[PDB]
Amino acid sequence: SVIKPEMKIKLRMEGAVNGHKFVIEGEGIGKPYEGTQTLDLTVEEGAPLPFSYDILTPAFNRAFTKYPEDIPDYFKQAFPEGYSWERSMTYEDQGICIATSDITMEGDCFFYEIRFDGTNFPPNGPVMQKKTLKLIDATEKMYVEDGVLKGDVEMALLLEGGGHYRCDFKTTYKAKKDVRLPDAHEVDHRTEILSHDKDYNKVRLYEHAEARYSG
């Protein structure tokens, strides 16, 4: 019960995409048992970002997932100690990203240390030309492997003009203590930028996520 019905968020992301270094910090609040959250993000170094903000938004905590009582909740069980995650993202035009997050908590607040790196995006492709509109709603397949929880998803970004820009996500989630390991299940995601300033130096970001068995 260290996870309260309403939890604050504080984060710092550092990284580089196609040679461009940047730092983004964030603060927000969400409802862990309802699987909802809102974050306000600020570019602190590297403004204005020259690449699509939509390659960043899944990097900005599965503790914010509505878990049914008959699926063990790997993420909420891990606290107060917390957990980390490691993620590969391979895009269809051979741009590739790696991201990690170390997630701790103090009081009623989660803290994230995020690293995000991306490279080999075509200079005239949709990421470097900021032609993405949003993340399409996606289902993440969760399963235990090597004693930890994995998540795989074949997701797409929507492009200006209606095209789909595909990315294969693979995440490894590592609790900092032993927890009850769930059977295979799925997490449905909806991700939305609610508002932003001109160059996305300021961004308000929303996620809704819920766990369920397939079928």
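Asker: Give a description of the nonpolar core that names residues and reports values.
Answerer: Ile24, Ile55, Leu56, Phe60, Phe110 and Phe116 are the most contacted members of the largest nonpolar core, which has 60 residues in total. Looking at this core, the element that brings in the most residues is strand β9 (residues 148-159), giving 6 residues. Apart from residues no more than four positions distant in its own chain, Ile55 is found in contact with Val17, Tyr91, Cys97, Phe116, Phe121, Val127 and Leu157.

Asker: Provide a residue-level description of the packing of aromatic side chains, including the pertinent values.
Answerer: Counted by the stated rule, this structure contains 12 aromatic pairs. Both rings, one in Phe64 and one in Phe110, keep their centres 5.4 Å apart while their planes meet at 75 degrees; by these two values the pair is edge-to-face. Here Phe110 lies in strand β6 (residues 109-119) and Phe64 lies in the loop between β3 (36-45) and α1 (74-77), a separation of 46 residues in the sequence. The pair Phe64 / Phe110 is uniform in exposure class, with both members buried. When the centroid spacing of 6.4 Å and the interplanar angle of 50 degrees are considered together, the rings of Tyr67 and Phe75 count as tilted.

Asker: Describe the pairing of strand β11 (residues 185-196), listing the residues and the values that go with them.
Answerer: Relative to β11, strand β8 (residues 138-145) runs antiparallel, the two sharing 5 bridges. Paired with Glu140 across the two strands is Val187, which belongs to β11. Sheet topology note: the β11/strand β12 (residues 202-212) ladder contains 10 bridges and is antiparallel. Looking across to β12, one finds that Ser195 is bridged to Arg204. Linkage of β11 to β12, two consecutive antiparallel strands, is achieved through a turn of 5 residues, within which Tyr200 is found at a positive phi near 60 degrees.

Asker: Talk me through the side chain of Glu207; I want residue IDs and the actual numbers.
Answerer: Tracing the backbone through its elements, the reader meets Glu207 in strand β12. Overall, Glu207 belongs to the buried group, its relative accessible area being 12%. At a separation of 3.0 Å, a polar atom in the side chain of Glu207 contacts the side chain of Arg62. Ignoring any residue separated from it by four or fewer positions in sequence, one finds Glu207 in contact with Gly35, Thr36, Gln37, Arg62, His189, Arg190 and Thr191.

What counts, and where the lines are drawn
Residues numbered from 1 in each chain as written, not as in the entry; some residues may be left out. Heavy atoms only, no water. Core = buried A, V, L, I, M, F, W, Y, C linked by side-chain atoms within 4.5 Å. Buried < 20%, exposed > 50% of the residue type's maximum accessible area, 1.4 Å probe, protein only. Helix = DSSP H or I, 4+ residues; strand = E, 2+ residues; numbered from the N terminus. Contact = heavy atoms within 4.5 Å. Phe/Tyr/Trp six-rings, centres within 6.5 Å; stacked < 30°, edge-to-face > 60°. Pairing = 2+ DSSP bridges. Polar contact = N/O pair within 3.5 Å; in protein donor to acceptor, adjacent residues only side chain to side chain.

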